[PDB]
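Chains as they are written, first to last, in the authors' numbering: chain CN, 10 to 166; chain DJ, 10 to 366; chain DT, 9 to 247; chain DF, 2 to 134.
Every residue gets a Cβ at the ideal spot worked out from N, C-alpha and C, and that includes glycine.
Have a look at the structure below, then the notes.
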Amino acid sequence: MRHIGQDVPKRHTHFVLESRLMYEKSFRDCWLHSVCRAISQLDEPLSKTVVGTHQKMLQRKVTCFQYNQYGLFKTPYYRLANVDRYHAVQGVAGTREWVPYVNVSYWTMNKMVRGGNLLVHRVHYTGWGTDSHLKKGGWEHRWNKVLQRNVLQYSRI
Amino acid sequence: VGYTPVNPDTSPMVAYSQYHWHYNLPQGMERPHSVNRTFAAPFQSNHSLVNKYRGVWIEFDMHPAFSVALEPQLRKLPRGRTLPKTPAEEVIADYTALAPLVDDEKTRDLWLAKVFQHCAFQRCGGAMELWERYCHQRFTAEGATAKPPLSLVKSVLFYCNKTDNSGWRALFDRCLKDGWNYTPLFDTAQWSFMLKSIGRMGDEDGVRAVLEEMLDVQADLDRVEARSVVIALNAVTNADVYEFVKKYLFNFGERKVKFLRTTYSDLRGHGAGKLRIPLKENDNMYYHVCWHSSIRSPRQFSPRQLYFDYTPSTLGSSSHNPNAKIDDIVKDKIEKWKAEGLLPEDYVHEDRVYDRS
Amino acid sequence: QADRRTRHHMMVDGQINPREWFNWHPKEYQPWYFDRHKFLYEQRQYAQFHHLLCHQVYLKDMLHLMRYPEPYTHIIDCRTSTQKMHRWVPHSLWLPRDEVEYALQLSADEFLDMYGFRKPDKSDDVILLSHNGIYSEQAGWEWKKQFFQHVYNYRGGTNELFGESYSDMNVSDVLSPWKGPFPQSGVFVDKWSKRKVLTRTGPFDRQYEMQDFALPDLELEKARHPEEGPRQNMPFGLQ
Amino acid sequence: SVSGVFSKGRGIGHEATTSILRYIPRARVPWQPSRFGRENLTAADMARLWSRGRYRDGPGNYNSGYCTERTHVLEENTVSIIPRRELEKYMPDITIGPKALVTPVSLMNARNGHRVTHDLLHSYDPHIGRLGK
RNA sequence: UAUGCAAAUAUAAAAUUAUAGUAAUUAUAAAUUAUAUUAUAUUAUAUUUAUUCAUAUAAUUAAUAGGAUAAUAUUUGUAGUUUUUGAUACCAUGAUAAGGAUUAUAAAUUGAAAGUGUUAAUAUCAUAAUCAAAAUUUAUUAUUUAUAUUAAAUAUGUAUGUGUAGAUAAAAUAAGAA
Ligand SMILES: O=c1ccn([C@@H]2O[C@H](COP(=O)(O)OP(=O)(O)OP(=O)(O)O)[C@@H](O)[C@H]2O)c(=O)[nH]1
């Protein structure tokens with residue numbers, strides 16, 4: 010500690026591990042927090058079994074439990090900073106300084122593509138690439154096609 | 010380039026260089042590999058077998074008619090992996106009151122073996138009178154010719170080991186090869202219990218005899234629990250049996266000796282509360298076990314610790330040493346010449362230079 | 009505080025510092041087992057002779073052969089210095105190791121008329137006995153070089169068979185301290201960076217480490233080191 | 002001219018094994034012979050180091066509710082901690098205790114192997130929270 | 001601005017400088033180096049549109065450890081403090097960007113290598129790092145203009161003033177310009 014015999018060239022690389030740990034905490038708490046939030050603010054009666062006071066008292070108690078839950082992962086994903094795992098450079102998702110597939114910053118992506126470190130193919134800079142969906146509608150169309158392939162393809166039981 | 014390494018599997022430049030397969034060249038398997046077939050390792054698990062019985066089995070098997078007849082009595086005796094908590098004196102009284110009635114030597118022996126097992130589980134030392142009442146007259150006395158059942162002898166050994174009784178030798182000597190020859194049928198659990206009991210009892214010759222018999226009969230030293238071996242080897246103090254233990258310790262495997270050292274250290278240190286009876290201090294055996302583990306284990310390299318006090322030669326470091334002795338080399342040469350005989354033998358040599366210290 | 013034996017300087021007293029983790033060829037770090045308690049010729053010193061080692065024969069086998077002999081197992085007593093030998097091992101034939109190199113080159117009659125017995129036919133088993141089983145092993149090397157099918161060595165030999173103490177080829181397990189500098193034959197140069205690197209040989213090697221290692225007996229070990237710790241010349245965290 | 006992050010440390014094994022085990026050399030790591038881990042820290046140093054682990058809602062943070070300092074200097078302007086009694090007047094007190102943090106085994110699978118809501122991930126293997134014990 | 005007063009480069013020569021003593025030779029030459037289309041001729045340039053531009057916070061980076069249906073390891077629960085010193089709040093070698101002026105129709109692309117914060121040898125008090133709810137003074141940024149106006153993570157109260165000074169931005173590619 011205190012930069013005495015540091016092994017990693019960059020101190021900030023440990024923030025990547027910290028971000029992974031916060032993602033794991035989100036994995037733990039994403040169900041309990043969502044269930045508590047859903048129960049707390051549901052005005053309509055839950056069912057025949059619980060109505061009126063038996064429901065409002067339960068909502069108050071579950072909200073109290075959620076508040077008492079120390080260390081619950083409240084923060085959303087979009088507000089968690091993204092830091093490269095190669096050079097610990099911060100980039101914000103949605104801009105051009107971060108790529109979604111490789112999870113590395115713009116500078117790291119440029120360095121890796123300019124060297125040989127990531128098998129990618131070159132396309133025209135002012136085009137829509139080679140994907141049919143991108144040519145058809147663009148980013149939103151390919152996003153919707155990903156949704157359709159994932160969920161809407163299945164006739165759920 | 011840089012401090013961060015480059016992974017060749019992900020980097021396409023390495024994968025497509027002249028030292029790997031280019032993507033234009035056909036992609037196909039080259040030199041199929043068979044590692045699991047040429048030399049397959051046995052399954053050694055770091056974690057112990059969870060479903061193991063972890064105890065001595067008595068091989069209870071009697072005639073079904075006798076078993077169902079004695080079922081009301083046998084409910085109190087232990088069943089397969091089921092141990093009732095009936096008081097031991099109750100079953101002892103039931104046996105001493107009902108054994109003459111049932112006319113079957115094998116059934117009586119099995120019932121007495123179950124009684125011994127139950128009283129051993131309860132650690133009730135009063136049941137040896139049952140052995141003296143029933144078995145001692147005909148199975149082991151003044152050259153008894155009877156052949157006791159394996160179940161009964163195993164149960165008696167388990168009971169005597171549990172109660173730390175001093176009468177186990179009279180039965181073990183009969184159970185050697187020249188007598189009953191029941192040694193090869195003893196389970197590794199039985200051997201571990203015997204070793205632990207003898208180590209607690211502090212018998213110097215018992216441990217040596219048991220270890221030699223185990224090696225002779227091919228008992229599985231690796232599967233014998235480490236704690237029993239540690240307790241057995243803690244009690245040796247005499248020089249002869251200590252030398253025997255030193256030469257015998259090479260039979261165990263490398264992992265076994267390493268974990269023997271680990272268990273010995275933790276038990277005589279932090280794990281002193283693990284044992285019901287604290288272990289006596291035997292620093293000689295502790296040091297020898299640690300040393301033997303160090304010998305057996307592969308030796309790493311620690312150059313700084315090895316050569317911390319290393320000093321170069323006088324002639325090698327003369328230029329870098331301000332006050333070093335150089336006439337010592339001439340003196341050594343003169344001594345070598347005198348030993349060779351070229352110089353006169355034992356000729357008086359005066360100092361060639363001043364002494365600067 | 010800082011010391012010449014604790015700092016990282018590459019060169020001390022003009023020679024390569026052996027106290028640097030980066031100053032040693034990587035093959036030295038590879039795991040290895042102690043072998044000083046093994047047989048003399050099974051130790052790592054005879055690396056070029058390891059491929060020529062003979063098989064074994066034990067006391068039980070030797071006693072069984074003495075009680076019940078067989079026509080085609082030549083028991084060769086390869087002991088020199090006839091003044092030392094007193095007893096006769098049964099069913100033994102005298103073929104000294106100092107003469108075996110030429111003896112194995114002779115023909116059948118050429119060997120019979122010189123040694124009083126015929127050639128072992130290069131197919132029958134031969135079992136070699138000598139003091140401490142040293143000359144017997146050295147002779148078994150020659151027999152194997154002459155391509156005899158079955159050559160066995162009796163480790164311990166007549167010395168352990170008759171309970172005497174004869175030490176042919178007097179050799180001391182310990183070695184005298186390396187008074188000279190590090191030999192040039194042990195200096196390793198990197199094939200890429202061309203840096204000078206050391207090797208476990210000369211002044212420091214595995215034999216020196218083994219002979220310096222601690223004794224098995226605690227009461228004898230405590231005699232070597234002084235009171236209040238075995239090693240106090242070094243800092244607390246380097247021991 | 003010697004500087005040190007921690008001025009005192011304690012050993013792991015007590016005075017029943019080390020006195021005999023010291024005679025056997027230990028092959029320490031060649032490039033770092035002296036090591037100093039968390040299990041080797043003193044009680045106060047280990048406590049103050051573990052308090053600083055959590056980003057917030059932890060004793061290390063100056064304003065997390067579990068601090069112990071009487072005052073905190075903020076931008077060259079001293080400030081006084083509002084005690085729990087004074088906070089209670091306008092902050093309603095809801096507190097269940099250790100039972101609230103823990104969750105049932107049937108919910109452990111849904112919570113992905115975690116039975117504790119504590120912000121430090123608790124693992125049941127005896128190797129991650131590996132202190133001396 | 002020739003009337004007087006005034007020999008004067010058109011060369012008989014001996015390495016530079018110097019009173020014909022001062023220093024150690026002195027000069028000179030060639031090649032190359034960013035300033036100058038010419039008026040049919042390897043291209044008609046000349047039109048449209050636009051310009052009130054702003055944001056960063058609460059300190060500890062230096063180990064491996066396997067579990068059900070497997071012929072048996074409590075290795076259940078694996079326990080040896082302390083001699084080193086840089087990418088950190090300067091500095092601590094290299095490396096990718098932006099920047100259209102002459103190789104043209106043709107079976108064709110209108111974006112450059114001359115270098116842009118993070119990356120691989122110089123050290124010598126350095127704990128500066130997001131996990132929410134936060135503090136314009138800083139060159140490099142296309143905002144919605146007068147029928148209907150705040151519901152889900154909390155999300156902009158300011159400047160109506162004759163399409164209005166100076167200064168300045170963009171486009172000759174499925175578009176329409178000679
Ligand atoms: O290998 C192990 C590990 C742990 N133990 C623990 O030892 C405790 C008792 O301590 P001991 O193991 O010293 O007593 P004992 O000789 O009477 O034990 P048994 O042979 O009858 O088992 C027991 O309660 C058990 O959990 C073992 O007996 N053996």
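Are the segment 35 to 50 of chain CN and the segment 106 to 119 of chain CN touching by the rule of at least three beta carbon pairs closer than 8 Å? no
Cα-Cα separation between residue 9 of chain DJ and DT:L137, rounded to whole angstroms: An answer regarding residue 9 of chain DJ cannot be provided, because it is not within the stretch 10 to 366 covered by chain DJ.
Can you grab the Cα-Cα spacing for the pair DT:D21 / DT:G188, in whole Å? One-based indexing of the third sequence puts residue 21 of chain DT at position 13. One-based indexing of the third sequence puts residue 188 of chain DT at position 180. For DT:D21 and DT:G188, the distance between alpha carbons rounds to 14 Å.
Cβ distance (whole Å) where DF:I21 is taken to contact DJ:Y356 below 8 Å: As a working note, residue 21 of chain DF is residue 20 in the fourth sequence. As a working note, residue 356 of chain DJ is residue 347 in the second sequence. About 53 Å; that fails the 8 Å criterion.
Neighbour list for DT:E36 in chain DJ, Cβ cutoff strictly below 8 Å: As a first step, residue 36 of chain DT must be located in the third sequence, where it is residue number 28. Going along chain DJ in sequence order, the residues near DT:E36 (Cβ under 8 Å) are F310.
Going by DSSP, what residue range makes up the beta strand (DSSP E) through DJ:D337? Position 328 of the second sequence, counted from the first residue, corresponds to residue 337 of chain DJ. Here DJ:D337 belongs to no beta strand (DSSP E); instead the alpha helix (DSSP H) covers 336 to 349.
Of the choices DF:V30, DF:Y125, DF:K90, DF:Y67, whose alpha-carbon is the least far from that of DJ:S311? Counting from one through the second sequence, the residue named residue 311 of chain DJ turns up at place 302. Per the Cα distances, DF:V30.
From the beta carbon of CN:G125, is the nearest beta carbon of chain DJ less than 7 Å away? The residue you call residue 125 of chain CN lines up with position 116 of the first sequence. Yes, CN:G125 counts as interfacial toward chain DJ.
beta-carbon DJ:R232 near ligand 1 non-hydrogen atom, thresh 6 Å: On the second sequence, residue 232 of chain DJ is found 223 positions in, with the first residue counted as 1. No, the beta carbon of DJ:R232 sits no closer than 6 Å to any heavy atom of ligand 1.
Give a single yes or no on whether DJ:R236 has its beta carbon closer than 6 Å to a heavy atom of ligand 1. Locating residue 236 of chain DJ in the second sequence gives position 227, where the first residue counts as 1. Checking every heavy atom of ligand 1 against the Cβ of DJ:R236, one is found closer than 6 Å.
Per-residue burial, DJ:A228 [other beta carbons within 10 Å of its own, 16 or more giving buried]: One-based indexing of the second sequence puts residue 228 of chain DJ at position 219. The residue is buried, with at least 16 neighbouring Cβ atoms inside 10 Å.
Counting pairs of beta carbons, one from the segment 340 to 356 of chain DJ and one from the segment 70 to 87 of chain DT, are three or more of them closer than 8 Å? no
Taking Cβ positions only, does DJ:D292 come closer than 7 Å to chain DF? Here residue 292 of chain DJ is taken as the residue at index 283 of the second sequence, counted from 1. Chain DF, which has a Cβ nearer than 7 Å to the Cβ of DJ:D292, makes this yes.
Buried or exposed (CB count within 10 angstroms, at least 16 for buried), DF:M92: Counting from 1 along the fourth sequence, the entry for residue 92 of chain DF is found at position 91. DF:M92 comes out exposed.
What does the alpha-carbon distance come out to for the pair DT:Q51 and DF:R55? The residue you call residue 51 of chain DT lines up with position 43 of the third sequence. The residue you call residue 55 of chain DF lines up with position 54 of the fourth sequence. Distance between the alpha carbons of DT:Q51 and DF:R55 is about 56 Å.
Which residues, taken in chain order from the segment 40 to 73 of chain DF, show a beta carbon closer than 9 Å to some beta carbon of chain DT? none
Between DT:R15 and ligand 1, is there a pair consisting of the residue's CB and a ligand heavy atom that are separated by less than 6 Å? As a working note, residue 15 of chain DT is residue 7 in the third sequence. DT:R15: no, Cβ never under 6 Å from ligand 1.
Among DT:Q215, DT:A55, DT:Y37, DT:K68, the one whose alpha carbon lies nearest that of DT:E168: The count along the third sequence starts at 1 and reaches residue 168 of chain DT at position 160. That would be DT:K68, whose Cα lies nearest to the Cα of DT:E168.
Between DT:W40 and chain DJ, is the shortest Cβ-Cβ distance under 7 Å, so that the two count as touching? Taking the third sequence and counting its residues from 1, the one referred to as residue 40 of chain DT is at position 32. Closer than 7 Å to some Cβ of chain DJ, the Cβ of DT:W40 qualifies, so yes.
If CN:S49 and CN:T72 are in contact, beta carbons under 8 Å, what's the gap, nearest whole angstrom? Within the first sequence, numbered from 1, the residue matching residue 49 of chain CN stands at position 40. Within the first sequence, numbered from 1, the residue matching residue 72 of chain CN stands at position 63. Contact flag correct, Cβ pair sits at about 4 Å.
So is the beta-carbon of residue 453 of chain DJ under 6 Å away from any non-hydrogen atom of ligand 1? There is simply no residue 453 of chain DJ to check, as chain DJ begins at 10 and stops at 366 in what is shown.
Compare the C-alpha of DJ:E68 against each of DJ:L110, DJ:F181, DJ:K163 and name the closest. For this step, residue 68 of chain DJ is matched to residue 59 along the second sequence. Out of DJ:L110, DJ:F181, DJ:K163, DJ:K163 has the C-alpha closest to the C-alpha of DJ:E68.
Looking at C-alpha atoms only, which residue of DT:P211, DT:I135, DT:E150, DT:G164 is the closest neighbour of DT:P185? On the third sequence, residue 185 of chain DT is found 177 positions in, with the first residue counted as 1. Selected option, being the one with the closest Cα: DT:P211.
In chain order, what are the residue ranges of uninterrupted alpha helix (DSSP H) at least 4 long that sit wholly in the segment 35 to 103 of chain DJ? 73 to 78, 80 to 83
Are the CB atoms of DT:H33 and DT:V195 within a distance shorter than 7 Å? As a first step, residue 195 of chain DT must be located in the third sequence, where it is residue number 187. As a first step, residue 33 of chain DT must be located in the third sequence, where it is residue number 25. Their beta carbons are not under 7 Å apart, which means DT:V195 does not touch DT:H33 by this criterion.
Nearest chain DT C-beta to DJ:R313 closer than 7 Å, yes or no? Position 304 of the second sequence, counting from 1, holds the residue named residue 313 of chain DJ. So yes, DJ:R313 belongs to the interface.
DJ:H31 to DJ:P21 span [Cα, whole Å]: The count along the second sequence starts at 1 and reaches residue 31 of chain DJ at position 22. The count along the second sequence starts at 1 and reaches residue 21 of chain DJ at position 12. Those two C-alpha atoms are separated by around 9 Å.
Does any C-beta atom of chain DT lie closer than 7 Å to the C-beta of DJ:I343? Reading the second sequence from its first residue, position 334 is the one you call residue 343 of chain DJ. False, the Cβ-Cβ gap to chain DT never drops below 7 Å.
Interface residues of chain CN around DF:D120 at Cβ under 9 Å? To locate residue 120 of chain DF, count along the fourth sequence from 1; it is residue 119. Going along chain CN in sequence order, the residues near DF:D120 (Cβ under 9 Å) are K34, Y79, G80, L81, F82.
Along chain DJ, in chain order, which residues have C-beta atoms closer than 9 Å to that of CN:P18? Mapped onto the first sequence, residue 18 of chain CN falls at position 9. The contacting residues are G11, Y12, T13.
Using a Cβ-Cβ cut-off of 7 Å, state whether DF:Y125 counts as contacting chain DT. The residue you call residue 125 of chain DF lines up with position 124 of the fourth sequence. Cβ-Cβ to chain DT under 7 Å: no for DF:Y125.
Kindly give me the distance between the Cβ atoms of DJ:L161 and DJ:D118, rounded to whole angstroms, as I take these residues to be in contact under 8 Å. Within the second sequence, residue 161 of chain DJ is the residue found at index 152, counting from 1. Within the second sequence, residue 118 of chain DJ is the residue found at index 109, counting from 1. Going by Cβ atoms, the distance from DJ:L161 to DJ:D118 rounds to 5 Å, so yes, they are a contact pair.
If the cut is a Cβ gap below 9 Å, which residues of chain DJ does DF:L22 touch? Here residue 22 of chain DF refers to the residue found at position 21 when the fourth sequence is read from its first residue. Per Cβ cutoff of 9 Å: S274, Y295, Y296, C299.
Kindly indicate which residue of DJ:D336, DJ:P17, DJ:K256, DJ:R313 has the alpha-carbon position closest to the one of DJ:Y363. Position 354 of the second sequence, counted from the start, is the residue given in the question as residue 363 of chain DJ. The residue with the shortest Cα to Cα distance from DJ:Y363 is DJ:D336.
Need the endpoints of the beta strand (DSSP E) that DF:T104 sits in, please. In the fourth sequence, the residue the question calls residue 104 of chain DF occupies position 103. DF:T104 -> no beta strand (DSSP E), and no H or E assigned at all.
At what residue ranges does the segment 212 to 280 of chain DJ contain a whole run of the alpha helix (DSSP H), taking only runs of 4 or more? 213 to 226, 235 to 243, 248 to 257, 263 to 277
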